[PDB]
Structure formats: structure tokens, C-alpha cells
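# Structural characterization, general
So the chains spell out like this:
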Amino acid sequence: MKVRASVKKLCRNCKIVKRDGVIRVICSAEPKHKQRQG
Amino acid sequence: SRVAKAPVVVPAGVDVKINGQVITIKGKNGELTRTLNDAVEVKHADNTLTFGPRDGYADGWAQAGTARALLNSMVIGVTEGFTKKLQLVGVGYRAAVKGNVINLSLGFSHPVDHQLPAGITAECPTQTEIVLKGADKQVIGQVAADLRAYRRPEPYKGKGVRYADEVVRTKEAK
Amino acid sequence: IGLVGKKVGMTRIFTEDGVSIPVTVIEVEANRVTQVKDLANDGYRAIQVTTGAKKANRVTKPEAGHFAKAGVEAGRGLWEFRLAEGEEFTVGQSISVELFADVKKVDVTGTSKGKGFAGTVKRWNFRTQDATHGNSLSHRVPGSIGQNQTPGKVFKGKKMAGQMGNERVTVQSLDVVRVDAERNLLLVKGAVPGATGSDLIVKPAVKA
Amino acid sequence: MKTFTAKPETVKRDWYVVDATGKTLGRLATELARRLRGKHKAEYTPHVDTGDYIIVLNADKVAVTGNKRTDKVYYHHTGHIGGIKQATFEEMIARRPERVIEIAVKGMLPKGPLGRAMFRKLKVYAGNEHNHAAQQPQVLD
RNA sequence: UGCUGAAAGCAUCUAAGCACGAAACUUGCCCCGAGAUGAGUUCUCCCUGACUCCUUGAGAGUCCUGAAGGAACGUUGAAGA
RNA sequence: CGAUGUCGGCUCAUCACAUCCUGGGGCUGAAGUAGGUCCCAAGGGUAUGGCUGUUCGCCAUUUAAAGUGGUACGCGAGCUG
RNA sequence: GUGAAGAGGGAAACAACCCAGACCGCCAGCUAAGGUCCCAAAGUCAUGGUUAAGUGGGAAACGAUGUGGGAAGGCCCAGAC
Ligand SMILES: [Mg+2]
Ligand SMILES: [Mg+2]
Ligand SMILES: [Mg+2]
Ligand SMILES: [Mg+2]
Ligand SMILES: [Mg+2]
Ligand SMILES: [Mg+2]
Ligand SMILES: [Mg+2]
Ligand SMILES: [Mg+2]
Ligand SMILES: [Mg+2]
Ligand SMILES: [Mg+2]
Ligand SMILES: [Mg+2]
Ligand SMILES: [Mg+2]
Ligand SMILES: [Mg+2]
Ligand SMILES: [Mg+2]
Ligand SMILES: [Mg+2]
Ligand SMILES: [Mg+2]
Ligand SMILES: [Mg+2]
Ligand SMILES: [Mg+2]
Ligand SMILES: [Mg+2]
Ligand SMILES: [Mg+2]
Ligand SMILES: [Mg+2]
Ligand SMILES: [Mg+2]
Ligand SMILES: [Mg+2]
Ligand SMILES: [Mg+2]
Ligand SMILES: [Mg+2]
Ligand SMILES: [Mg+2]
Ligand SMILES: [Mg+2]
Ligand SMILES: [Mg+2]
Ligand SMILES: [Mg+2]
Ligand SMILES: [Mg+2]
Ligand SMILES: [Mg+2]
Ligand SMILES: [Mg+2]
Ligand SMILES: [Mg+2]
Ligand SMILES: [Mg+2]
Ligand SMILES: [Mg+2]
Ligand SMILES: [Mg+2]
Ligand SMILES: [Mg+2]
Ligand SMILES: [Mg+2]
Ligand SMILES: [Mg+2]
Ligand SMILES: [Mg+2]
Ligand SMILES: [Mg+2]
Ligand SMILES: [Mg+2]
Ligand SMILES: [Mg+2]
Ligand SMILES: [Mg+2]
Ligand SMILES: [Mg+2]
Ligand SMILES: [Mg+2]
Ligand SMILES: [Mg+2]
Ligand SMILES: [Mg+2]
Ligand SMILES: [Mg+2]
Ligand SMILES: [Mg+2]
Ligand SMILES: [Mg+2]
Ligand SMILES: [Mg+2]
Ligand SMILES: [Mg+2]
Ligand SMILES: [Mg+2]
Ligand SMILES: [Mg+2]
Ligand SMILES: [Mg+2]
Ligand SMILES: [Mg+2]
Ligand SMILES: [Mg+2]
Ligand SMILES: [Mg+2]
Ligand SMILES: [Mg+2]
Ligand SMILES: [Mg+2]
Ligand SMILES: [Mg+2]
Ligand SMILES: [Mg+2]
Ligand SMILES: [Mg+2]
Ligand SMILES: [Mg+2]
Ligand SMILES: [Mg+2]
Ligand SMILES: [Mg+2]
Ligand SMILES: [Mg+2]
Ligand SMILES: [Mg+2]
Ligand SMILES: [Mg+2]
Ligand SMILES: [Mg+2]
Ligand SMILES: [Mg+2]
Ligand SMILES: [Mg+2]
Ligand SMILES: [Mg+2]
Ligand SMILES: [Mg+2]
Ligand SMILES: [Mg+2]
Ligand SMILES: [Mg+2]
Ligand SMILES: [Mg+2]
Ligand SMILES: [Mg+2]
Ligand SMILES: [Mg+2]
Ligand SMILES: [Mg+2]
Ligand SMILES: [Mg+2]
Ligand SMILES: [Mg+2]
Ligand SMILES: [Mg+2]
Ligand SMILES: [Mg+2]
Ligand SMILES: [Mg+2]
Ligand SMILES: [Mg+2]
Ligand SMILES: [Mg+2]
Ligand SMILES: [Mg+2]
């Protein structure tokens, strides 16, 4: 995953979640889109 | 909210008991106990179960909508008994049960002996497939996830331990 | 548990294949129990032992009475060992070297040899400064001992010259060779702390 | 008239018990530090230890609000080259539960001989049982 | 990385509940360590005589007794300036 | 400015983490081997030589690694000059 | 304007910031700034809300079904999401 300060919804299957305070973006199609923080 | 407003049916031969907040559901498959949250309030109404949010607390609906969905699975568990179908893909891999200990051979130097906590009935229809049953969705789900976590799917040949319903994305060599 | 025993030099055992294994000869006389400490009185379970023999005068009344409580003879010195839950012993019982017959490896504790006021070169393996090439009155000295203004101070636990040796030290997991029951000896591979005549607290290997 | 000042000999010190089960740490410690100093007493003098002896039993069971059971750290230096030892509020109660009330009170008292003298009076305890039955320490809340 | 699971009919590792997870962190291993003034415990040992005195006090005294033990002195040490 | 001894080396170090090695992970244009980047991790370790006053640098040969910095560009009532 | 050439209270400590100009005494009372759970004088004071980050108790571009208020704008009993 990435740790960029401005996580975004890149593709359609991407999804925003707030775990343990940290905003993460989880995806079904491409694991590349998985990213943390921001 | 929407889940919370949808009463849980309780079939016959399923003894439900409310010890304040501590719920006890007994049935044919097994006896299950659940220490429920203080923000939730639960009662018996006719045949079905009712879940209401407590006034004063901040997040009621979110807490009760859980309780509903838990007890929905808890009632189905004691009635039917949950099952999971795991399969071991790859040559040389072997799964065999002896008592309450699953003997996984997953190409390691040492044979892995996975223990089974709680009432979990493990079976093997074939040597490269593990079907395991029980009362709780939780413990089954965990056991399954451990048995998986011993060897996750290699996204090339799909090798390792997999759930039967799961799809796996494989890729080419570059 | 463990036993007390006097160091009696070193020898070598020639094994029939060839190897000359260097061994320490520890005499381990009948270690006799003076007191059995337990959870009711003391808050822990242990045994206090003795060995050897003081002359009937050098032992004082406070110490000599302590021996009459048990009924044993006034052995020289007193030591204690912690019991490992399962084992339980009685007062006036005589433990022998046969306890080490079953064990393979032993921790030997003793008092290391007194080197005295040792320098930093000897004590802490400091490197001596250039023996010549300009050097003036500072061959074996420590050199710097700190930074400058910032700490404005030497830090605690700084390696400096002082008393070396004459301290309790433990050489762990020494492999036992022979357990002479008749002569009351315990032959262990290698070398143990302290000079010939020093007391050695031997016990089974904690690092199993 | 020169004002009255309490005389160390004439001071009549009382004994108390405080069950610290389900209590807020700071709001307990504050009320403890109030009494220990001898503030509540009408014959209060800042240079004499007028306060009362307090027994704080069930110290381990003390409660804290928010995330401070995990989040609250207790830093202390070992007086050494780089020895800064920390310990969370869970880990503190896990090992030494008496330290929690001790430290929470000590800071609230004054710093100095009398400050240390008025801490001595506090008697924290993990278990419900206390061996100070001889003084008849009455119940305090 | 997960399991169950809302808020949000679903979904999602979490908001209740339940697991894993590193030479880091707390122990385990070795040493010092109750001057830890919060000065802990166990064990053994030794002292069981009179008198006056006044502002009768943990006062100050006086004949006698001197213990357990220690120190000192000596011979000294694989202990040590 | 009625003095705060300025580079480099030696001896002695100590802290930071923006980690060079070793430990645990996500993605990968990850078949494996080997990487690439990123995340957590400061416990411990982290060359010897040639040249030059050198720091640095280049070069030879090692190493798991040959970390970047702070510390009066650490350290002259410690040495060299 | 203040210090220089101005003490006193506050801003933790802090010539110049906020309050206020010490003739001397008193073991009198009322107020300024700033404060009122404990260190340490004085409200665990009252009413209606907000924050769930220990924010309060350092910071930007930019990021996100965090969470409160509002004012609007898309569909129903021909039953939309
Ligand atoms: Mg980052
Ligand atoms: Mg949590
Ligand atoms: Mg992978
Ligand atoms: Mg004599
Ligand atoms: Mg003697
Ligand atoms: Mg002695
Ligand atoms: Mg010596
Ligand atoms: Mg040497
Ligand atoms: Mg050596
Ligand atoms: Mg050298
Ligand atoms: Mg010279
Ligand atoms: Mg010189
Ligand atoms: Mg010379
Ligand atoms: Mg000279
Ligand atoms: Mg010199
Ligand atoms: Mg000189
Ligand atoms: Mg500093
Ligand atoms: Mg200083
Ligand atoms: Mg070995
Ligand atoms: Mg350290
Ligand atoms: Mg003060
Ligand atoms: Mg006192
Ligand atoms: Mg769901
Ligand atoms: Mg290792
Ligand atoms: Mg470890
Ligand atoms: Mg290893
Ligand atoms: Mg230990
Ligand atoms: Mg120890
Ligand atoms: Mg020791
Ligand atoms: Mg030492
Ligand atoms: Mg020592
Ligand atoms: Mg000491
Ligand atoms: Mg003492
Ligand atoms: Mg005590
Ligand atoms: Mg008398
Ligand atoms: Mg008297
Ligand atoms: Mg007297
Ligand atoms: Mg006399
Ligand atoms: Mg005399
Ligand atoms: Mg006598
Ligand atoms: Mg004598
Ligand atoms: Mg005598
Ligand atoms: Mg004496
Ligand atoms: Mg001599
Ligand atoms: Mg000067
Ligand atoms: Mg230098
Ligand atoms: Mg060099
Ligand atoms: Mg060097
Ligand atoms: Mg880092
Ligand atoms: Mg970097
Ligand atoms: Mg991995
Ligand atoms: Mg380090
Ligand atoms: Mg650290
Ligand atoms: Mg460790
Ligand atoms: Mg060289
Ligand atoms: Mg040459
Ligand atoms: Mg030159
Ligand atoms: Mg440099
Ligand atoms: Mg540099
Ligand atoms: Mg330059
Ligand atoms: Mg370099
Ligand atoms: Mg070089
Ligand atoms: Mg090279
Ligand atoms: Mg090379
Ligand atoms: Mg090479
Ligand atoms: Mg290599
Ligand atoms: Mg490399
Ligand atoms: Mg600089
Ligand atoms: Mg310098
Ligand atoms: Mg210098
Ligand atoms: Mg200097
Ligand atoms: Mg020159
Ligand atoms: Mg002023
Ligand atoms: Mg001021
Ligand atoms: Mg001030
Ligand atoms: Mg302020
Ligand atoms: Mg202000
Ligand atoms: Mg300030
Ligand atoms: Mg302040
Ligand atoms: Mg002040
Ligand atoms: Mg200022
Ligand atoms: Mg005036
Ligand atoms: Mg007033
Ligand atoms: Mg005001
Ligand atoms: Mg003040
Ligand atoms: Mg006050
Ligand atoms: Mg603010
Ligand atoms: Mg934005
Ligand atoms: Mg928002």
C-alpha cells in the first residue's frame, strides 16, 4: 500500500474506511489502489 | 435502524433466556451465551425477538442493529449449525483429521498440527479438502482463517489454502 | 536445587578416542540442611544448608545455637537455595553429590579472583594510545571521558579504573564429566571462578 | 492580636478509610491531597502537618475516563547514560497498583520536608484487607 | 492480516464483542541491591541488681555488675593503594 | 577581545532516526532466485589497506553491513601538532 | 507607549507584553489585569448547547459516508433509493 497524504478513490471498486483513526482506501479489483493515511 | 426494526423469529426447541443484558440461547446443536452491550435493550415480544435503542445513550441504533444481526446468526447457528468448505490447491499438499487436530501438510519441513478450540466438528470428504462444521460463526470463521493463514493463495497457480466460494486473481509471468 | 563445594584445582580427563577434556575438581561434601524456609513464615520456599566443619570455639553462640535448632554440626559458612515447588526437604537432612548424577550441564557460581585496583586497559579492554610518535605522559590513560558544555558532565556507568575481580560471577552451562560418589567430587568441563580453596555454588543449568 | 497557629504537639490526628473502587483517579487524589495536607480542618496552618491519616484500599480497581487506561504514560529516568523508562497505565496497575495513587497524590501535595511528611500519612493498598485495624479508621467518602 | 458486525436491508477488520502479529517494549538469563528513612521477613543468641534525687520526668543520679558480642593487638592470605 | 585554544588524527564515547546489515509486514511491470519502492522497527552490529595534513574523495581487497547526522563542525587542565 | 531612569500583581521562569505609578506604618475593607479541583488565595457554582481528538496543550497546501447546527434542492401509496 501507499501512505500518501491525500488518499483518493481511484477506480470504481475503491472504498473509504476509517480504521483505528487512520483513513484507509481498500479496493477489490486492483490491490495497487490500496492506500493509507490522509 | 432498518435491521433493528425487523424482529428475529425463534423456532421451537430453542430456549432463549435474558439475564439482564447477558443473553443465553440453548438449542439442539449447542448452548451459546452472549454478553450484550449496555446501550442495547432487548425483550421478548410474542414469538419473535425485539431490539430497542436505549434513550440517553448516543449511538443506540448502531448498537442494537448489531445485536439483532448477532442473535439472528446465533439462532440460525443453534438451529442449523454453520459449515465452511476449505480446499487445498497444489501438488504435495495434504489434509487429514485425527480427533480434534487437523494435520496440514503444506509443503513445509514439518507437518502442521492445527488445534480446534471449542465445539468445532472437522471433516474431510477428500484428502485435499477440509469441510468443518459447528455452532458459532465466529469460531468457525477464525479457525477457517487460521487454516487459510497457514498458506494464503499464491496469485500465479492459486496454490495454498482457499475458501470454496472465494475467487482468486492470478497473473502472468513478466 | 544446587550444592556448595570447595574448588580443588583443575585436571584433564583423557577420553579413550583421544580428546583431553579439561576438568575442574570440585569437592562436594555432605551438604546438610540447617533450615527449611516456607510460605507460611517466610513468604517463599527455600532451604538453608551448611558444609565443612568449624572448630569448637571460632563459631559464636548466635551461630552455634542456629545449628542446635536443626541438630547438625557447625559447618563453615551458610548458604540458601530456592526450592522449585515440587521438591520438599526436612531439617537436618544430608544432601550428597548424587543429585548431580542425573544432570548433564551445571551453572557454577563463585567469587572471581581479586585483581585489585585495575586500570582501564586491563579492566575494560581499552586500547593504549601510541607508545611513541610524540606521546607525552598518556600511554595507558583513558583519554576523553565526555563531550563538552552539552552534558556538562560525565555520564553514569562510564568505564573507568577501579576494583577488578573479587566479585560473585556465574559461568553458565558447564558440562559435567564425572560424579565421584565415593570421594565426593564433581568433575565439570572447563574452568570455574575463584582460586583453589574458594567456595563454589554449583547448580543445574537454568538455560536448558 | 497575633493569630493562632497549630502546635505540632497539640495536633490530634484522625484516621480514615477510603474505598477507591470505581473512583476517578484525579478527583480521588485531589480530595485525598486536600485532607492529607489538613485543609478541611478549621485550625489549618501551612507550616504544620495538621492533616489526617488516610487508608486508600482497593487502589488497583481505580477508574479512569477516556482512553487513559492505555494512553496515559508514566515516564521516569533511571539516573543513567540514556535510561528513560516509560510505562502505560495498564502496565502500571499490572505490576505496581499502589504507585498509581501514590504518584497522583504526591504531585498534588507540596514539595519539601512537610510535603514528604504529609505523604507518609497516606496508606494505599491493592487488596480490600488492611492491617491498620488497631486505630479504628472510620469510613470516609 | 483476519473473524463476526452495525451505524448505512447490503457492504465493510470495529462502532459492542473475539483473534493473530517483530532483534523494539515487560519478563525470562547474569550482577548489585531494605540509607527501599516506605530502613521488610525468618532464624538463633544475650542482659531478669541495688539505692537515693528533685522543677514525679523517656529527669538526673549513685554500689555494684560488663553479657552476647565487637574492636584492638599478633601470625597472616590465591583479599588488598 | 582585563583570551570561549579554531582543521585533521588517536583514546574515549554518547544520543537522534531521516535504517546500511540483521527482525516483521503491503504493493509489485512479485513464476523461483534476486530485486524495486513503501511501512513499522534504534535491540545489537557496522572494514583493513594505498595516496594525500587532510575531512572528503578515488583506488585494491574484504563484509551480513562498511548508515546519515547531533554532541563548542563531541573530546588539546586526555595525547599528537 | 513602556524600559532606560519604576518597584508592585499577572503572562510558569520573562528590562520593553497586560494591569498599575512605592512618603511611612497597621495581623483592616472594595476592586484592576488575571483568576477560582490540588501544588496555591478564591465557584467539583446555575442555565442551554458543542467536543470523543487528551483536541484544549505548536503548523500549510491538500485529503476523507468524523460530527453538530441550519437554508434549500431530487421521488412515492401509479410503492423510488
Ligand atoms: Mg508516512
Ligand atoms: Mg479497539
Ligand atoms: Mg505476497
Ligand atoms: Mg575466647
Ligand atoms: Mg573472628
Ligand atoms: Mg562471612
Ligand atoms: Mg587477590
Ligand atoms: Mg587486555
Ligand atoms: Mg581476560
Ligand atoms: Mg592503538
Ligand atoms: Mg612532544
Ligand atoms: Mg602532559
Ligand atoms: Mg614518554
Ligand atoms: Mg613535553
Ligand atoms: Mg596530561
Ligand atoms: Mg602533568
Ligand atoms: Mg539541550
Ligand atoms: Mg545542568
Ligand atoms: Mg552449545
Ligand atoms: Mg539501552
Ligand atoms: Mg512552591
Ligand atoms: Mg515527622
Ligand atoms: Mg452486514
Ligand atoms: Mg539473535
Ligand atoms: Mg524477544
Ligand atoms: Mg533468530
Ligand atoms: Mg528471577
Ligand atoms: Mg537474581
Ligand atoms: Mg546473585
Ligand atoms: Mg560491576
Ligand atoms: Mg559489585
Ligand atoms: Mg548496602
Ligand atoms: Mg535495616
Ligand atoms: Mg512493611
Ligand atoms: Mg532499678
Ligand atoms: Mg522516672
Ligand atoms: Mg540517667
Ligand atoms: Mg564502676
Ligand atoms: Mg569496662
Ligand atoms: Mg554475666
Ligand atoms: Mg570473646
Ligand atoms: Mg568476652
Ligand atoms: Mg557489639
Ligand atoms: Mg603481615
Ligand atoms: Mg575573566
Ligand atoms: Mg579531532
Ligand atoms: Mg584511521
Ligand atoms: Mg577512534
Ligand atoms: Mg522509521
Ligand atoms: Mg528517507
Ligand atoms: Mg511476507
Ligand atoms: Mg542502541
Ligand atoms: Mg529504546
Ligand atoms: Mg527484549
Ligand atoms: Mg591506518
Ligand atoms: Mg609504502
Ligand atoms: Mg605537508
Ligand atoms: Mg566526519
Ligand atoms: Mg561529513
Ligand atoms: Mg572544505
Ligand atoms: Mg563517507
Ligand atoms: Mg577512506
Ligand atoms: Mg570497491
Ligand atoms: Mg572489490
Ligand atoms: Mg565483494
Ligand atoms: Mg557479499
Ligand atoms: Mg548491498
Ligand atoms: Mg554545526
Ligand atoms: Mg571539535
Ligand atoms: Mg579538539
Ligand atoms: Mg577540554
Ligand atoms: Mg606543523
Ligand atoms: Mg516592572
Ligand atoms: Mg512582573
Ligand atoms: Mg512574577
Ligand atoms: Mg496564561
Ligand atoms: Mg492573557
Ligand atoms: Mg511564558
Ligand atoms: Mg500557565
Ligand atoms: Mg511566580
Ligand atoms: Mg516578556
Ligand atoms: Mg506616588
Ligand atoms: Mg472583594
Ligand atoms: Mg475580572
Ligand atoms: Mg500567585
Ligand atoms: Mg483553594
Ligand atoms: Mg485555544
Ligand atoms: Mg478537501
Ligand atoms: Mg465529513
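Here we come to the overall build of chain A. For chain A, the count of helices and strands is zero helices and three strands. Seen along its three principal axes, the alpha-carbon backbone of chain A occupies a region of about 25 × 15 × 15 Å. Counting only contacts in chain A whose residues sit at least 6 apart along the sequence, the fraction spanning at least 24 positions is 34%. As presented, chain A carries roughly 3000 Å² of accessible surface, and 48% of it is formed by carbon and sulfur atoms.

Right, let's talk about unusual backbone geometry for a bit. Residues and elements named next belong to chain B. Here the phi dihedral of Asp 46 falls at roughly 60 degrees; this positive angle occurs in a residue that is not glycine. The residue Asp 46 is located in the loop between β4 (40-44) and β5 (49-53) in this model. For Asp 46, a relative accessible area of 86% translates into the label exposed.

With that out of the way, let us pick up the sheet that holds strand β4 (residues 46-51) of chain C. All names here are of chain C. Overall, antiparallel pairing links the four strands, which are arranged β5-β4-β3-β6 in an open sheet. In this open sheet, the two strands that pair with only one neighbour each are β5 (76-82) and β6 (94-95). Along the sheet, helix α1 (residues 61-70) contacts β3 (31-37), β4 and β5; its crossing angle with β3, the most-contacted strand, is approximately 85 degrees.

In the vicinity of RNA strand G, 18 residues are found, and the nearest of them are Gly 38 of chain A together with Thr 3, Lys 39, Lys 68 and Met 108 of chain D. Of all RNA strand G atoms lying within 4 Å of any protein atom, the proportion belonging to sugar or phosphate reaches 61%. In the model, a sugar or linking oxygen of RNA strand G is placed 2.8 Å from a nitrogen or oxygen of the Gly 38 of chain A main chain. Measuring from a phosphate oxygen of RNA strand G, one finds a side-chain N or O atom of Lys 39 of chain D at 2.7 Å. Within the residue set of the surface near RNA strand G, elements represented by two or more residues are β1 (15-19) of chain A together with α1 (25-37) of chain D. If one sorts the elements of the surface near RNA strand G by residue count, α1 of chain D sits on top with four residues. Partitioned by chemical class, the residues of the surface near RNA strand G number seven nonpolar, four polar and seven charged.

On to the side chain of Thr 50 of chain D, then. Residue and element names in this part refer to chain D. Along the polypeptide, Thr 50 turns up in the loop between α1 and β2 (53-57). With relative accessibility at 3%, the residue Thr 50 sits in the buried group. Once residues within four sequence positions are removed from consideration, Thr 50 is found in contact with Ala 6, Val 11, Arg 37, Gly 38, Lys 41, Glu 43, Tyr 44, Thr 45 and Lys 121.

With that settled, consider the pairing of β5 of chain B. Two faces, one strand: in a regular strand the side chains alternate between the faces of the sheet. As judged from the five bridges shared by β4 of chain B and β5 of chain B, these two strands associate in the antiparallel manner. Each bridged residue has a counterpart across the sheet, and for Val 40 of chain B the counterpart in β5 of chain B is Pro 53 of chain B.

The subject of this paragraph is the pattern of salt bridges. All told, the structure shown has 12 salt bridges over all chains when counted by the stated rule. With its nearest N and O atoms 3.1 Å apart, the salt bridge here joins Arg 148 of chain B to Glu 166 of chain B. Taken together, the residues span a long stretch of sequence, with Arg 148 of chain B in helix α2 (residues 137-149) and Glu 166 of chain B in the segment after β12 (160-163) at a distance of 18 residues. The partner of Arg 45 of chain C in a salt bridge is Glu 88 of chain C, and the shortest N-O contact between them spans 2.7 Å. With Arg 45 of chain C in the loop between β3 and β4 and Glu 88 of chain C in the loop between β5 and β6, this residue pair connects regions lying 43 residues apart in the sequence. Among the residues examined, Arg 45 of chain C registers a relative accessible area of 12% and is labelled buried. Overall, the relative accessible area of 46% leaves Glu 88 of chain C in the partly exposed class. Each of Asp 38, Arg 45 and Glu 88 of chain C takes part in salt bridges that share partners, so that together they form one network.

As a further point, take the arrangement of the chains. The two units chain B and chain C remain apart, with a minimum C-alpha distance of 23 Å. Contact between chain A and chain D is absent, and the minimum C-alpha spacing across the pair is 13 Å.

Around RNA strand E, a shell composed of 57 residues is seen, among which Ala 62, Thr 66 and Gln 138 of chain B, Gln 163 of chain C together with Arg 120 of chain D lie nearest. Contact distances for RNA strand E include 3.1 Å between a phosphate oxygen and a backbone N or O atom of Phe 117 of chain C. One nitrogen or oxygen atom from the side chain of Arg 95 of chain D is found 3.0 Å from a sugar or linking oxygen belonging to RNA strand E. Among the secondary structure elements, those contributing two or more residues to the surface near RNA strand E are β1 of chain A, α1 (60-79) and α2 of chain B, α1, β8 (116-118), β9 (162-164) and β10 (168-178) of chain C together with α5 (113-120) of chain D. For the surface near RNA strand E, the element with the highest residue contribution is α1 of chain B, accounting for seven residues. Across the surface near RNA strand E, the residue classes break down as 14 nonpolar, 21 polar and 22 charged.

Let us now look at a nonpolar patch on the surface. Residue and element names in this part refer to chain C. On the surface, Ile 145, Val 154 and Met 160 cluster together into a nonpolar patch covering about 210 Å² of accessible area. Mapped onto the elements of the fold, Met 160 is located in the loop between α2 (120-123) and β9. The class of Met 160 is partly exposed, set by a relative accessible area of 35%.

Residue and element names in this part refer to chain B. Across the sheet, three strands lie side by side as β7-β8-β9; this open sheet has antiparallel pairing. Sheet topology places β7 (94-98) and β9 (112-115) at the edges, where each strand pairs with a single neighbour. Neighbour to neighbour, the strand axes of the sheet diverge by 25 degrees on average, direction disregarded. Here strand β8 (residues 101-105) runs beside β9; their pairing, made up of four bridges, is antiparallel. By the bridge assignment for β9, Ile 102 is matched with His 114.

As a further point, take the layout of surface pockets. Approximately 660 Å³ is the volume found for the largest pocket. Together, 18 residues line the largest pocket, and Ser 28, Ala 29, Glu 30 and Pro 31 of chain A together with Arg 169 of chain B are the ones closest to its centre. Here the residues of the lining of the largest pocket sort into eight nonpolar, two polar and eight charged.

Parameters and conventions
Residues numbered from 1 in each chain as written, not as in the entry; some residues may be left out. Chains lettered and ligands numbered in written order. Part of a larger assembly, values for the part shown. Heavy atoms only, no water. Helix = DSSP H or I, 4+ residues; strand = E, 2+ residues; numbered from the N terminus. Contact = heavy atoms within 4.5 Å. Areas by Shrake-Rupley, 256 points an atom, 1.4 Å probe, with all protein chains shown as cover. Buried < 20%, exposed > 50% of the residue type's maximum accessible area, 1.4 Å probe, protein only. Pairing = 2+ DSSP bridges. Axes fitted to C-alpha atoms, helices over the stretch in contact; angles between N-to-C directions. Near = heavy atom within 4 Å. Polar contact = N/O pair within 3.5 Å; in protein donor to acceptor, adjacent residues only side chain to side chain. Nonpolar A, V, L, I, M, F, W, Y, C, P; charged D, E, K, R; others polar. Salt bridge = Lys/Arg side-chain N within 4 Å of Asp/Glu carboxyl O. Patch = residues over 30% accessible without salt bridge, like charges linked within 9 Å, V, L, I, M, F, W, Y side chains within 5 Å. 1 Å grid on protein atoms, 1.4 Å probe; cavity = no way out; pocket = protein on both sides within 12 Å on 5 of 7 lines; lining within 4 Å. Points joined across faces, edges and corners; volume = space filled by probe spheres on them.

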